[PDB]
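Close look at the chain arrangement
Chain by chain, the residues:
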Amino acid sequence: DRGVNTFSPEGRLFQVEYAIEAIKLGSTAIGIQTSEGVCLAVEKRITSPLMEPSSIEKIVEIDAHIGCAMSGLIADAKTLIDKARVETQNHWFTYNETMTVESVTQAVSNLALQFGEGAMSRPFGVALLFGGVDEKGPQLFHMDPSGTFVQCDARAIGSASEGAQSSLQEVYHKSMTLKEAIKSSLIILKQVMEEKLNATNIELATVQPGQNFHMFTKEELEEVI
Amino acid sequence: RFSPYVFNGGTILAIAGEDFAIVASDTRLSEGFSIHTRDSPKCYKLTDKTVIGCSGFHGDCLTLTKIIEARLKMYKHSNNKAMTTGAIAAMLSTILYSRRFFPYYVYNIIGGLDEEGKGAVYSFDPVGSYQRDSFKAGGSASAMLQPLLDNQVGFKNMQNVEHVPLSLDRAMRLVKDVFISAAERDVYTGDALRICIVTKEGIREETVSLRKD
Amino acid sequence: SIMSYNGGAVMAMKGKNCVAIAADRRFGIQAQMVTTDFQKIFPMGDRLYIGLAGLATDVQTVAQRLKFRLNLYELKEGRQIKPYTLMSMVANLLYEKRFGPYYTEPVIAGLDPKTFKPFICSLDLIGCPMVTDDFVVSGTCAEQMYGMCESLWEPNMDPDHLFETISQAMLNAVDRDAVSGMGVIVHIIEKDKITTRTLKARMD
Amino acid sequence: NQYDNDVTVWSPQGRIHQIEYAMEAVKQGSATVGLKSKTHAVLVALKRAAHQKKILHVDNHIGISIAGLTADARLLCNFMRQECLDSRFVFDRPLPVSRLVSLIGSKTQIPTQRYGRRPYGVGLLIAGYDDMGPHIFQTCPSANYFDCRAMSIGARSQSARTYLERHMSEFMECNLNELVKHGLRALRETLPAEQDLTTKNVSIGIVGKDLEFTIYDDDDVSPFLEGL
Amino acid sequence: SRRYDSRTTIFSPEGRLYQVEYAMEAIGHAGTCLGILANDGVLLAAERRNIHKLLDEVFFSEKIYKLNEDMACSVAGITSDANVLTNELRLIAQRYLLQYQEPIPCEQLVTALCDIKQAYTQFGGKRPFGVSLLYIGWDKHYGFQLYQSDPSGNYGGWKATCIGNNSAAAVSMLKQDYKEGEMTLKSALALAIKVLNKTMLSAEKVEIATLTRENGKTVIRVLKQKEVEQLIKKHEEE
Amino acid sequence: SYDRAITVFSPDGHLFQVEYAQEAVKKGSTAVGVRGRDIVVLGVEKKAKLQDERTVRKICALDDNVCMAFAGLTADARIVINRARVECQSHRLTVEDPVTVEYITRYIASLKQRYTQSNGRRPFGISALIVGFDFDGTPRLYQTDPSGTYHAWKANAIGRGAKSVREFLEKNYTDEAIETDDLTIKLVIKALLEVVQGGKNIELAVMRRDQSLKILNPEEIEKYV
Amino acid sequence: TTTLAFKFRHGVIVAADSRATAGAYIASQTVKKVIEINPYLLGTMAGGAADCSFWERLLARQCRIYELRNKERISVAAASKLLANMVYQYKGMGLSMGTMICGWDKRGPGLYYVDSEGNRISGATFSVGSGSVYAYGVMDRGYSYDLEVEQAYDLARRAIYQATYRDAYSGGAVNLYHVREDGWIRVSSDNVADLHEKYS
Amino acid sequence: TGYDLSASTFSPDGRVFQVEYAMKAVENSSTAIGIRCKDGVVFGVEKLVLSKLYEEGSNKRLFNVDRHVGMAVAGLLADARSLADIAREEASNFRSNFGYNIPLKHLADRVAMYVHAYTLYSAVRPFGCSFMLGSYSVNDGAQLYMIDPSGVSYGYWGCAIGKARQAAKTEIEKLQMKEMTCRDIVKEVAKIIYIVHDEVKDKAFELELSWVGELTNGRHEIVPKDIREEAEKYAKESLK
Amino acid sequence: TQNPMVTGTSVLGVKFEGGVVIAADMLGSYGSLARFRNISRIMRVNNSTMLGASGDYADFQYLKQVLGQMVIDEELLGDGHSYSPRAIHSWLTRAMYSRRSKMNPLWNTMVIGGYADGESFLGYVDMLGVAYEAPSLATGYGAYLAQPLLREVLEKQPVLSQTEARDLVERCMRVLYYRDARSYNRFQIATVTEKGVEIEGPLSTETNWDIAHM
Ligand SMILES: *[C@@H]1CC(=O)N(CC)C1=O
Ligand SMILES: [Cl-]
Ligand SMILES: [Cl-]
Ligand SMILES: [Cl-]
Ligand SMILES: [Cl-]
Ligand SMILES: [Cl-]
Ligand SMILES: [Cl-]
Ligand SMILES: [Cl-]
Ligand SMILES: [Cl-]
Ligand SMILES: [Cl-]
Ligand SMILES: [Cl-]
Ligand SMILES: [Cl-]
Ligand SMILES: [Cl-]
Ligand SMILES: [Cl-]
Ligand SMILES: [Cl-]
Ligand SMILES: [Cl-]
Ligand SMILES: [Cl-]
Ligand SMILES: [K+]
Ligand SMILES: [Mg+2]
Ligand SMILES: [Mg+2]
């Protein structure tokens, strides 16, 4: 009856409103930005012991210097992740340099709101945390289905983000080390998760000025827990 | 039968120093056996720390520099910073190659500072093949300029000589000399020499008179 | 010459209540013979045949694309095509390619599927149709074939006389053509039967 | 009800509800102020994690402040940037500010008349300098545009407009410092009584006779706040 | 306009496709049509829904269509939709013969048309075709074959099946009487009359086509009124 | 052409057309997959007399090294299967390697996802179980659903009564159960016998390391029952 | 130009001269003709300099995207196939490219020749460029699969050197790379004038 | 249920309500008038001041669509501006093809047919604006046309659009415009605007004046500021 | 244009103190035939800018049409912004280059003269998009015959008065009449100053043929 590009009397796009609600169906992801690097942590949310935990990928590499945590409708995110990967490589090709975390986030958010009436029929029902290191140092950005993006010191997305964000604002400080940030987000994930946190039901990744995007192995997760 | 190209002459030169770069050109614009103008520089400022020399078909030089200027602003708008010398060089490679099947009849040399504040020179063929150079001559009299630079700057074919760093003062004297020599033999090179010096302080220009014949 | 690249010869001839169509059997590429049993005459019905000389690739393509259109026609109309209608259908197919033509000039031979009246025609490569009451020829030895047909053909020939006439016309014509021959096949179409024969022929 | 879902549907009262609803979107944005003297045009914006960008560079002589849908804002900013590039490419001179605004109005009107399309849910303040001196323009989801002595859009901007009217008689003769402070004071009216302008929440853009459009953030806005 | 769009290609809350289901309703009100596989051929038996006295009968058949040299079909549903689909079947068969220079295997022809029908249920916002088809044929892969397709683009192979009016009652009779692997054409004929006798008897009211192999060549023939009137007489004795 | 937005967000962040597609899956016959040590097994429930069994099969080969089973709209399945078959050949063409089971899964999933965000189209109403072996001889089992989400499983079920079969497999999928090839097939039959109340109305297929798909005879299935 | 590559026990040796010409004029004596596609893949430049640089840079882009998408490094066979497919579309339009794609994958050391004419062939040894005929002579007389690492270096170096002697369009310096299992290394860069002193 | 949602829908009594609703948007706008006199055409607009923050000259309702053609608008201003562009493009294209200045009647007809095209379809909505076109040349004399949202086009001696249209016409009818010069008419136009202005309801307005005639040598121009101020003073003192 | 038809010859231009002067004869040649002897090859663009064209006359008329409409368009807005001579020259460069790049050139060489902001403008654009500024210009045979005389005077005296620049142009037009076989002794002179653009004509040069007795 009503179109996808309709405004509400309050001046909001209905479809975008509903897409933001779908983020709340997603598992919790956390990002913290320190002077020593950025860390990303996500709840896997295993639904069955028969399911392979390593086939749940909610932190992905964009480039050597940029990672991405996602929450919401995961199938929607794959097309956004590809756009980010292609765009970083396009920038390298043309300019022979690394694309900044901000520029990558900006490029991905250009896709949003580009729906209407076999083109995109609806917005993407996913939120993204972009964490990486460029010449401005370590940086974390948040983007939601509306296409709004912003730099964050610490951010949580997903079902339990409101509570997790409260925890983050208490523990975070600007002079905080990366090792502290890793521990902080694991403690927060622990309390907001339904299941008991172990080495198989969470993901953790860091990007540092020193080294490339690093996904924590099983053994490395056990050490941290 | 219409030909879309003409040769308009011009000689360009760049030298990379420790903390400086020089881009130089003559000011003559020619066609056939005629002179269009005696006051047509082949150097264009791109940023505070990058200059480009362009010679060949003047139609293509004008078009290309306007394309580059647009691309610089576009990059600054989306990336929130000015383009580096290296990024400009890399980008120009792709711009030139986009016309692989109808080329820009243009010889380009980029001169400026790299990210460490060191002199950088990049030279290009018309379809965007490029590399970093210590020094490079391009355009009409390049076969006249290049051998002396190899000798005096590169110390080629010289025994029992200490390979001293190249001062700005010696570089400036070499630039003037090679152009005065080129103006003796290449009919296309003359009128005036325009020199752009790129340092951390900025870009300053100097002009020297050449033979008018 | 593009039409002489593969060589080849076909002719059709009209008798009393019967028709005949014949073709050489050589498939070659310029001077080199490749096979000696190349099909150039294709059935387009019980009593209707098309023979194609010219570029071997186009001989095959036109045969196959015409069968396509004829099969659809017969299914739609629930009857066998009349010979004159096949000629028109062929003309249409060839003229579609007016500006990039198939290099084949076909001959058609058949009896009307209800009246059993003899029909022969030929078309050029862009589909100009030509109906005759005697004979039609097509190929790299058209002149040799015209000479034999003009001399030998008589009206109202019986199937046996028609067989001998088209046989002698083909054999003696192709024997003066370097790029035609390596055998001759002949079809005699009658009301009640088709007779197919290969002739004893020079193999040079 | 049945008159408010399609931009192509007139109501019996001679209104288009979708356009009006789109205008509500800009009211939900944070406040921004623009004002001009005879030499300079200034933009001041309140920023709602880092504080969200509100002031965007368009050309050396044009900058904008935004209120409403961020995505529509960038779509319009990109169009504007392109128009400016096109002008310099073709004519080797800056696109006159009033001509750009006309292009914006023409562009943003098209979706207001076509089925399945929607208005741009963004309002712009445009600061520029050209042959005709400094300019402040305002653009609307309705695709209408206004030439302003000063203006404010966004939430609680009504009190910023009240300040501007009170003081606009002295704007023309202000030096740059006094003109920026006027803009800051107006923007401060929008704030709750307890809240104050800080270096975290204030963004300033300036263009003038001998100054390319420049954006001041964070540490760069400190000199302007110190004088208050 | 979103107001006037009936949205023919969407899911119901139960995961159902309403237009497809309503199309199958249409078919259930169409003339009875059944096919039976045997050891020495396949047959189609159709109820003529053109039984008016003032009709001319100008074609050799009214509900049985030849598709190529080795295949025929019969239809239940909207007649006009059937005309579109049968034309398309002929085109697909000819496209295959052009490409491969051999006849299209029966299942390949069915799959190709079903892909078209499926497309109408998933995109384009059009009403689906209201046609079920029975296909009979022979190929070098599986010999004598019988297929059925429905509006959604589903198909299946059968030894015996029925579409159209009273098809549920017909499929019951087939399960009882069909001797799997022991059917000849003469006994299949008998069973067809017997099934049409209950679900509907006159020779003007039925239409029977057979497909057989003779001298390495497929023969598709519509039985003459005399042959059908003799088959009706042979049953009434039983 | 037709450009109506068919899959749209509802209040609460629901994509109704996708949820309705998932209902179509539940109306489908049960399909079970088990990954063994050096074997992968698929088994499907069958709905009759007078029908040709060969024509109506729910287990299909995508390539020489990949096959799949499906539940839901059978017409939609045929379309997805043939799309995947084309893609397997395009991969062999471009990379000169057979597809990994994960690659083709990712392809099928992204195809399904596109039909949830494209104008003028409804989603595919099928789930798929995709099995096979990689280059290094690792057995694989993936599941796709209408939303375009995919995951790897040790064992899984889709279609009518999938939830009951899944709960059976959770209690039964041990090392002892997948110790041999005979016990791996048995576990699938047992899983099916839990909802089929039958044993003669089941189709089963086995795939071994670089040995291609083998569909078991009714006489061979009668031995296990 | 002279470029060569050969597989042996210990990987693949890649070597090139460094001269670029415009007609008879020497435009550069310091061209990098060995192109670093990724840490495990090398390509080589012969024919048109822009053509090789552009298309192999495009290959590097595609290979990186592939790694990100698949979570595995591309094979040598697949990388060379990508490049071949890229340039095939442009046959008869005057692209000039002759390249060797060199790496080490699951099948061991890999070496493909790919050109703008549409050729793509796997091989044990290749030489490409105006000087290739002269390098073939030397390389063929010295090549063995069971060559030692230092012996492989000497042979590649000498073969390029001898090409620079006979071929007017080859010279400058000889650049030498070694592709090993854990990636390629830059082994040496020797001016031809220095090698003349050494070899006599 | 409703017959008033689409321009592609007739009501049972044969009306197109969407067009009528668009006309209501014109009726809610403030008044513009055009008067054709002896040697030209004069336009005046009651331009409401919605804010003191706006510049004097903002939201012009008078346009040049060709060098010899002026346009005065009432209604939704964004729609009016786009129609000004349509008219400009039409005049431009005419000169390119035919090699002379577009006759006013032809321009009116062409733009009106464009307006009309928006009254037929659910795909688009009617323009919510009415406008006047005015021109002068020696050959054609003075011409004044008016087009409404339905796409109807007629020529006038005097015309008014907006909310005080009927009241404006009453005043215009009192003039023998045929005998008067543009100089006299600008004063009368100023007068009529001041009369129909509802001072109680709408508070502040700018008077906008333009003309085309022998005195401007067939060029459409804004009335000079000094003449405009004289007309304002005359109108103000007349309202005494 | 692949093949020029009716063509015009040289256009001259020289800057002076307070303006610019251009000149062109009034002939359209059809090969060697002097076919149309009363055509204007000079255009007033706006109040600050004028334009003269060599080469294909049909292509010139097209540019007059396009550029004339462009100036009308701008004046409709009445916004106090106006195309500078430098802007017209830029536009022309882009247009010519664009047509050249489509292998469908406008077959013209042009001289743009202007005065704006107390500055003289003189610019050249050819059919290939070659463009530059100079104190004096001469297209065609003018490049060989007039430009040497122009540059000779400007060498000894860079700043000319209006009357000096006018005398110099008349002298060059006389030379072209003597030595260019496609010229005609009927020309126009256009001047741009602070006062605007004036076009004078038809003008003639007095000739001397004493050497016929030598
Ligand atoms: C005019 C247009 C616009 O955006 N606004 C704010 C709601 C206006 O008042
Ligand atoms: Cl969230
Ligand atoms: Cl065809
Ligand atoms: Cl937004
Ligand atoms: Cl508004
Ligand atoms: Cl507001
Ligand atoms: Cl057939
Ligand atoms: Cl067939
Ligand atoms: Cl797709
Ligand atoms: Cl399920
Ligand atoms: Cl080197
Ligand atoms: Cl890839
Ligand atoms: Cl090979
Ligand atoms: Cl080479
Ligand atoms: Cl009105
Ligand atoms: Cl004339
Ligand atoms: Cl003029
Ligand atoms: K010289
Ligand atoms: Mg012979
Ligand atoms: Mg050499």
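The residue numbers shown here are sequential, starting from 1 for each chain in the order of its written sequence. They can differ from the numbering used in the entry, and residues that have no coordinates are not displayed. Written order determines the labels here, with chains lettered from A and ligands numbered from 1. As shown, the structure covers only some chains of a larger assembly, and all values describe those chains. Calculation of side-chain values draws on the structure's entire complement of heavy atoms; hydrogens and water are dropped beforehand. Residues with missing side-chain atoms are left out of burial classes, side-chain pairs and their counts.

The deposited coordinates for this entry were obtained by X-ray crystallography, with a reported resolution of 2.140 Å.

**As for the overall build of chain F**
Helix and strand assignments follow DSSP, with helices taken as H or I runs no shorter than four residues and strands as E runs no shorter than two, numbered in order from the N terminus. The secondary structure content of chain F amounts to six helices and 12 strands. Each radius of gyration is computed over the set of C-alpha atoms, and the globule rule expresses the reference value as 2.2 Å times the number of residues to the power 0.38. Scaling as 2.2 N^0.38, a compact globule of 225 residues should have a C-alpha radius of gyration of about 17 Å, and chain F matches this with 18 Å. With respect to the three principal axes, the spread of C-alpha positions in chain F is 55 × 45 × 40 Å.

**Observations regarding the overall build of chain I**
Helix and strand content of chain I: five helices and 13 strands. Compactness check: chain I gives a C-alpha radius of gyration of 17 Å against a globular reference of 17 Å for 214 residues, within 12% of the reference. Based on the C-alpha atoms only, the size of chain I along its principal axes is roughly 65 × 40 × 25 Å. Whether two residues are in contact is decided by their heavy atoms, any of which lying within 4.5 Å being enough. Counted over contacts in chain I with a minimum sequence separation of 6, partners at least 24 positions apart contribute 63%.

**So, the arrangement of the chains**
The two units chain C and chain F remain apart, with a minimum C-alpha distance of 27 Å. The two partners chain C and chain G share no contact, and the minimum distance between any of their C-alpha atoms is 22 Å.

**Overview of the interface of chain H and chain D**
Listed per partner, the contact involves 30 residues of chain H and 33 residues of chain D. If you tally residues by element for the side of chain H that touches chain D, the top one is helix 2 (residues 77-98) of chain H, at six residues.

**Overview of the coordination of the magnesium ion (ligand 19)**
With water omitted from the atoms examined, metal sites may look incomplete; donors here are N, O and S atoms no farther than 2.8 Å from the metal, or 3.2 Å in the case of Na, K and Ca. In the first shell of the magnesium ion (ligand 19), the protein supplies C:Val174 (O), C:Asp177 (O) and C:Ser180 (O), at 2.2 to 2.3 Å from the metal. On the primary sequence, the residues serving as donors to the magnesium ion (ligand 19) are separated as V-x2-D-x2-S.

**Some remarks on the coordination of the magnesium ion (ligand 20)**
Residues and elements named next belong to chain G. The protein atoms donating to the magnesium ion (ligand 20) are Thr164 (O), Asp167 (O) and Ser170 (O), with metal-donor distances spanning 2.3 to 2.4 Å. Donor residues for the magnesium ion (ligand 20), ordered by position in the chain, follow T-x2-D-x2-S. Accessibility assignment for this pair places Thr164 and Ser170 in one class, buried. Three exposure classes are used, based on accessible area relative to the maximum for each residue type with a 1.4 Å probe and protein chains only: buried under 20%, partly exposed in between, and exposed over 50%.

**Digging into unusual backbone geometry**
I:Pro202 follows I:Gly201 through a cis peptide bond whose omega is 0°. By the element assignment, I:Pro202 lies in strand 13 (residues 196-203). Of note, the phi angle at A:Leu113 is positive, near 75°, even though the residue is not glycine. If you trace the backbone, A:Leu113 turns up in the loop between helix 3 (101-109) and strand 5 (126-134). Although it is not a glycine, C:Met182 sits at a positive phi angle of roughly 55°. Checked against the element boundaries, C:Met182 lands in the loop between helix 4 (159-174) and strand 11 (184-189). Owing to a relative accessible area of 13%, C:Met182 belongs among the buried residues under this scheme.

**Topic: the sheet that holds strand 12 (residues 183-191) of chain G**
All names here are of chain G. Across the sheet, which stays open at both edges, the five strands sit in the order 10-1-2-11-12 with antiparallel pairing between neighbours. Two strands bound the open sheet, and with one partner strand each, they are strand 10 (125-128) and strand 12. Pairwise comparison of adjacent strand axes, ignoring direction, gives a mean angle of 10° for this sheet. Two strands pair if DSSP finds at least two bridges between them. Both strand 1 (residues 3-8) and strand 2 (residues 11-16) contribute to a ladder of six bridges, which runs antiparallel. Directly across from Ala5, in strand 2, lies its bridge partner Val14. The axes used here are C-alpha line fits, helices contributing only the stretch in contact, and every angle between their N-to-C directions lies in the interval 0 to 180 degrees. Against the sheet, helix 4 (residues 149-166) contacts strand 1, strand 2, strand 11 (173-180) and strand 12, and its axis sits at roughly 160° relative to strand 1. The strands touched by helix 5 (residues 192-199) are strand 11 and strand 12; relative to strand 12, the strand with the most contacts, the crossing angle is about 75°.

**Digging into the interface of chain A and chain B**
Between chain A and chain B, the residue contacts involve 11 residues of the former and 13 residues of the latter. When two components associate, each loses some accessible surface as probed by a 1.4 Å sphere; the sum of these losses over both components is called the buried area. Roughly 890 Å² is buried in total at the junction of chain A and chain B, and carbon and sulfur atoms are behind 45% of that figure. Here a salt bridge means any side-chain nitrogen of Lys or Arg lying within 4 Å of a carboxyl oxygen belonging to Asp or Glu. Where chain A touches chain B, the interface holds one salt bridge. Nitrogen and oxygen atoms within 3.5 Å of one another constitute a polar contact, given that in protein one can donate a hydrogen and the other can accept it, and given that sequence-neighbouring residues count only through two side-chain atoms. The interface formed by chain A and chain B includes seven residue pairs in polar contact. Secondary structure elements with two or more residues in the side of chain A that touches chain B: helix 2 (74-95) and helix 3 of chain A. Element by element, the count of residues in the side of chain A that touches chain B is highest for helix 2 of chain A, at four residues. Polarity classes work like this: nonpolar for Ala, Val, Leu, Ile, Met, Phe, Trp, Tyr, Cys and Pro, charged for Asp, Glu, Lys and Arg, and polar for all others, with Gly in that last group. Taken together, the residues that form the side of chain A that touches chain B break down as two nonpolar, six polar and three charged.

**Observations regarding the pattern of salt bridges**
Under the definition given, this model contains 82 salt bridges over all chains. Taking the shortest distance from any N to any O, the salt bridge between E:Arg2 and D:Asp6 comes out at 2.5 Å. Here E:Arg2, found in the segment before helix 1 (18-27), pairs with D:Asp6, found in the segment before helix 1 (17-27), and the two come from separate chains. With relative accessibility at 18%, the residue E:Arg2 sits in the buried group. In this structure D:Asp6 comes out as buried when scored by relative accessible area, which is 13%. Where D:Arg99 meets I:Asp79, a salt bridge forms, and the shortest distance between an N and an O atom there is 3.0 Å. Of this pair, D:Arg99 sits in helix 3 (residues 97-109) while I:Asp79 is found in the loop between helix 1 (57-77) and helix 2 (85-101), placing the two residues in two different chains. Accessibility classification places D:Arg99 together with I:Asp79 in one group, the buried group.

**Quick look at the nonpolar core**
B:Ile68, I:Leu51, I:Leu67 and I:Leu92 are the most contacted members of the largest nonpolar core, which has 58 residues in total. Those residues in contact with I:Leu67, other than ones at most four positions away along the chain, are I:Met43, I:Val45, I:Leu51, I:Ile88, I:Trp91 and I:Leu92. Remark: nonpolar core denotes a set of buried residues (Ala, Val, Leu, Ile, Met, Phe, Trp, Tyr, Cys) joined through side-chain atoms within 4.5 Å. D:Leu43, D:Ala127, D:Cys148 and D:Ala186 belong to the second largest nonpolar core, which has 45 residues in total.

**A look at helix 5 (residues 181-192) of chain F**
One less than the residue count of a helix, multiplied by 1.5 Å, gives the span that helix is expected to have. With 12 residues, helix 5 of chain F extends 17 Å from end C-alpha to end C-alpha; this agrees with the ideal 16 Å at 1.5 Å per step. The opening residue of helix 5 of chain F is F:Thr180, an N-cap whose side-chain oxygen sits 3.4 Å from the backbone nitrogen of F:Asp182.

**Here's the deal with the site of ligand 1**
All names here are of chain D. Residues are counted as near a molecule or strand when any one of their heavy atoms sits within 4 Å of it. Close to ligand 1 lie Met23, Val26, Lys27, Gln138, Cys140 and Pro141, which account for all nearby residues. Only the protein chains shown count as cover for residues, with accessible areas throughout obtained via the Shrake-Rupley method and a probe of 1.4 Å. Burial of ligand 1 by the protein chains amounts to 76% of its free accessible area of 280 Å². Sort the elements by how many residues they give to the shell around ligand 1 and helix 1 lands first, with three residues. Along the lines of polarity and charge, the residues of the shell around ligand 1 split into four nonpolar, one polar and one charged.

**Structural notes on the sheet that holds strand 10 (residues 135-139) of chain B**
All names here are of chain B. Taken together, the five strands give an open sheet; going across it, the order is 10-1-2-11-12, and neighbouring strands pair in antiparallel fashion. The open sheet terminates on both sides in strands that have one partner only, identified here as strand 10 and strand 12 (203-209). Neighbour-to-neighbour, the strand axes of this sheet turn through a mean angle of 15°, independent of strand direction. Summarising the sheet, strand 1 (residues 11-16) and strand 2 (residues 21-26) pair through five bridges and their orientation is antiparallel. Paired with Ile12 across the strands is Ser25, a residue of strand 2. Contacts from helix 3 (residues 142-152) reach strand 1 and strand 10, with the element oriented near 170° to strand 10.

**Things to note about the packing of helix 2 (residues 70-91) of chain D against helix 3 of chain D**
All names here are of chain D. Helix 3 packs onto helix 2 with a crossing angle of 135° between their chain directions and a minimal axis gap of 11 Å. Between helix 2 and helix 3, the interaxial angle falls into the category oblique. Where helix 2 crosses over helix 3, the handedness of that crossing is right-handed. Each of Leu76, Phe79, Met80, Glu83 and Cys84 in helix 2 lies in contact with helix 3, whose residues at this interface are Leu100, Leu103, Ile104, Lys107 and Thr108. Across the contact of helix 2 with helix 3, the residue classes break down as seven nonpolar, one polar and two charged. Throughout, the term roughly parallel applies to angles under 35 degrees, roughly antiparallel to angles over 145, roughly perpendicular to angles from 65 to 115, and oblique to all others. Crossing handedness: left-handed means the near helix sits turned counterclockwise from the far one by under a right angle, and right-handed means the same turn made clockwise.

**Some details on the pairing of strand 4 (residues 32-35) of chain C**
Residue and element names in this part refer to chain C. Bridge count between strand 3 (residues 27-29) and strand 4: three bridges; the pairing is antiparallel. Along strand 4, the bridge assignment pairs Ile29 with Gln32. Linking strand 3 back to strand 4 in an antiparallel pair, the connection comprises two residues, with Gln30 at a positive phi of about 55°.

**Looking at the pairing of strand 1 (residues 9-14) of chain C**
Residue and element names in this part refer to chain C. The element strand 1 is largely enclosed, with a buried count of six among its six residues. Alternating residues of strand 1 divide into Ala9, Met11 and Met13 and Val10, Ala12 and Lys14, and every residue in both groups is buried. Bridge analysis of strand 1 against strand 10 (residues 135-139) gives five bridges, and the strand direction is antiparallel. In the strand pairing of strand 10, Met13 is matched with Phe135. Hairpin connection, strand 1 to strand 2 (residues 19-24): the antiparallel pair is bridged by four residues, and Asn17 has positive phi, about 65°.

**Notes on the state of the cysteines**
Residues and elements named next belong to chain E. Criterion for a disulfide: a pair of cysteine sulfur atoms at a distance within 2.5 Å. Within this structure, the stated rule accounts for zero disulfides over all chains. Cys33 takes part in no disulfide bond, and the closest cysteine sulfur to it belongs to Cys162, at a distance of 7.2 Å. Owing to a relative accessible area of 0%, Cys33 belongs among the buried residues under this scheme.

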